[PDB]
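Here the structure is laid out as structure tokens; the discussion comes afterwards.
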């Protein structure tokens, strides 16, 4: 019912730019902490970013700091990730996750293979 | 992969739960009200029982 | 190939949504505007039970609505006598971590389970007068969330993995496997006529299972977060679901959609337990702000508040007769509330 | 004489302040006993020790007022009874402060176990030591050098016989609180916290060692208004009177209300009563 | 009638005996210490269990003090539901592999979730940064793993206060203290509760981890007692 479906993706050259947008339409978007998650083609799921309830507390996973920018629009019920200066190691299947409970500053089970509040795949390839 | 089987099972479940038919929400509300009013008197928490026969006094 | 299956599933979901919208004719809130309000509910605690020395996750009123069995993390299973405050039995458990208990309809057996991934049954009627483990039910992988005696011979229990099971005490092995959920199956509630039951899991959805046939019938995706509690309307054709949204919601099987929502502006914390009164009018709901509430199930207007608990109210049970209301909490106190006028 | 009138006025003022201080001590002690007996959420060995301490302070602050009122046979018997009870209860006060300090130190230094079966020993010591050491004093005063009610102690045989256990108990309290303050200082320096945290150490030390000012009080307990010439005479006569009254009051208040569990309990009770009323 | 009186009295004896048993169990329950061994993946949980069906237990007593080691291994991956069951424990021994994806990032995202949980905010944490020898070998081998998985690592100098390494590599010590600082700054970011973090460096295979656990448990108990007396 949460209905998280992203956009963007495709194939880009090394050092290029991409713009991924997350669309949520099944819940109060402004009461939840929305965080991006990526999965390498062979490796496991990896947390990459997050954003607070209002859009104040922002963190990154390292090796993406200063290259990936996350933003949200409460009115438009959309979540963004402006990713710049890509590398061939950055190719993955990005998932737009969501912390399970509202009005909480923590959320477990976001980087798990059986989580229920994350979107489908958005393939991003760098060659 | 197993994802194909998972999707097939989900689609089959959606089919078998779409084959069914529903009932008007107005009729559902009428039935709920009918039950609530029929059994309203025998509700020791809604309408408190006199303390003479209250066992937890 | 897989994208085709996803498109088909989306199309069927859209068809279900359109059918529900078409079947939606009136609003329960609109139609209840002429009913006499319940009014303020005064509920003063009558008995306080202080035997436990650790937090309480589950209690279950007996069939005769006099005995109540409660479970705590100290590895104890105390069977109280509500009228006289006495304790009838205390059972030391093998594993300290238990998250559920169940008192059999026949009054013979008691179930218990938790992080040990095992359901243990303690028959209370033995010649030697000892509460010994009658049977152990193993086969679940995750922790054991809820267990509910369907009879004196069968039992339905829901585990942490996305799977429920209908056991059989005589032989010990599963009879039916109820697969289909996506998250942890937090709660479970049988029907008054023990014909169906609902398993509310953490994927923000609840199913409806027929025990004998063993396949899902309907899915109610109203909620937007984990479902902690679930309970059928005394009629048997509706149920109420608690979630971390701080909102209860009332579904109906026949309409296959929601009826009305009990959200309040001042409530931010989630809901632990939800139960109905005997008549089905009042809707008790335990919250994490340590203040159980009472809701008019037909009007979404708070009637009373069962304040008095120091910690979160983890369990909430209305007697089968309908007289009392017991509210155990993490401060290890069972209080038996009652109505008076 | 303007100066002599000044002395007389200040002595009257300090006497009425003395009576007011004991009256406030009784008020606060009743408040604390009623809270700790009615809330019912605070029933442990620690709160039992606190209740016994507060009832010992009840006994002192009541017996001393009775002695003051009855101080000028029925009258002689009442005065002697009041004086004996006053001596026993001033012994019991410091014995119970010692019991509290011992309980805290054992609770903070025990290597596991957490023995809660020693409450019988604590009660026995804290209510029997004072009597055990006062009996001999009463017996020796009655049989030898019998004064009508009480006066300045004539001999070291009359001084030591009752100032010895109190001095020993307060010395043991000082040592135990040195140990507890050492542990607390280690904890505070472990976090390397602020100068406010450093000042917290001294604040807690003083507010918990005021009883030492109390043992000084009971060393100089008799007053008799000490008619003499000088400035330090009234300086001490006022400072020590305020010390006794405010000591009872400060124990009663700042050893009970600062407790976060009782504060949360009373706030919860107030909120629930307000909601039930409206 | 007399039958009702006899039944009530018999229930009275039964209640008295059961309450005596509960009283006896209370001392044991309050005396023992409960620890939750929550380690991320295979970071040394099995060897830590060795040195000291869904859940596992070891009833080891050290220095006349009992302990429980709760190794919750065979549960599901998701932890947000059964981890509320462990808010009454004294400590949560956390184990990190400080050597597939970024394991240190997953360790940090689990530690701060534990820290900021509204029910576990009152529970203290003990950190064991395992694989010190493996980290030393990796750093001395000229492998660029931490240096490029943590950009901030380059602008870092070894803290002066703690350097008990006799002849260990300065870069290895820098990496150890960098990871310790990472965990400690996560711990100290939010002080919404009454819990503390004790980060150690589990390197020696002797019976020293048990002594460290005992010392940290004594510290936790003393802190909670002092806070209960409002001295701290």
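Note that chain D is numbered according to Swiss-Prot, with residues 124-195, 210-415 shown in order.
Placed from the backbone N, Cα and C atoms, the Cβ positions cover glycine too.
Going by Swiss-Prot, the topological domain containing residue D:283 carries a different name from the one containing residue D:339, and the two residues are therefore on opposite sides of the membrane. Residues in the topological domain 'Extracellular' (D:279-293) partition by DSSP class (helix H, G, I; strand E, B; coil) as 3 helix, 0 strand, 12 coil. The distance from the Cα of residue D:195 to the Cα of residue D:210, across a stretch of 14 residues left out of the model, is 13 Å. A contact between the transmembrane segment (D:378-398) and the transmembrane segment (D:255-278) is absent, since fewer than 3 of their C-beta pairs, 6 or more residues apart, lie under 8 Å. With a threshold of 8 Å between CB atoms, the same-chain residues lying at least 6 positions outside the topological domain 'Extracellular' (D:363-377) that come near it are 130, 133-134, 137, 353-354, 357. In the topological domain 'Extracellular' (D:363-377), helix, strand and coil residues by DSSP number 9 helix, 0 strand, 6 coil. When Cβ-Cβ distances below 8 Å are used as the criterion, the topological domain 'Extracellular' (D:279-293) is approached by residues 194, 213, 216-217, 220, 359, 361 of the same chain, each at least six residues removed from its ends.
In the topological domain 'Cytoplasmic' (D:243-254), helix, strand and coil residues by DSSP number 4 helix, 0 strand, 8 coil.
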